[PDB]
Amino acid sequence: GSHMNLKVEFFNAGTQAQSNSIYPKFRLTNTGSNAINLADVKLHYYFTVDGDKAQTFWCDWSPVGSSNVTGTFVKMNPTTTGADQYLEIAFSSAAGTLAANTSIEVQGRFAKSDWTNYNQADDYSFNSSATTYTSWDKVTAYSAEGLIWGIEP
């Protein structure tokens, strides 16, 4: 109809296989005519942790205000190919609405508490090739209604 009209594009800002950080960059576009409430929107980035440690997500930039964008880490259960964990990005109510036919970027990083390495190469959501925003079905997005973009592992 016209309520989950959220286009999701993605790329990795850093593509080193052995990397102490992962650098997800999303661009979300409201392709409908009705405004989208960002507070109900979640994003997932799926990966293998390569040595589990407490992790932190920082949103460095988003037009909606980086402090309104936060991340938590959840274990996949059961684990599967390319995915034993996911980052889940959420928006606060202060993030506001995304207008019809407008887009916002969500640029962030995450790392382990001890700054030890990931191997990005085997990560479900990792795009080793893209150097700018691409239509990527290996990250997912959600509204209040559930999945609205992508293929869960």
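In case it trips you up, residue 1 is the first one in the sequence shown, and so on.
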Next item on the list: On mean C-alpha B-factor from the PDB entry, just flag whether 98 to 106 or 52 to 60 is the higher one.
Entry: 98 to 106
Next item on the list: Could you settle it for me: does 129 to 137 or 9 to 17 have the higher average Cα B factor in the PDB entry?
Entry: 129 to 137
Margin query: Just to confirm, going by the entry's C-alpha B-factors, which of 33, 120, 116, 70 comes out highest?
Written below: 33
Notebook entry, point to check: What third of its chain, lowest, middle or highest, does the C-alpha temperature factor of residue 85 fall into?
Noted result: lowest
Notebook entry, point to check: Mind checking which third residue 28 falls in for C-alpha B-factor across the chain?
Noted result: middle
Next item on the list: Tell me, lowest, middle or highest third: where does the Cα B factor of residue 39 rank within its chain?
Entry: highest
Next item on the list: Tell me, lowest, middle or highest third: where does the Cα B factor of residue 1 rank within its chain?
Entry: highest
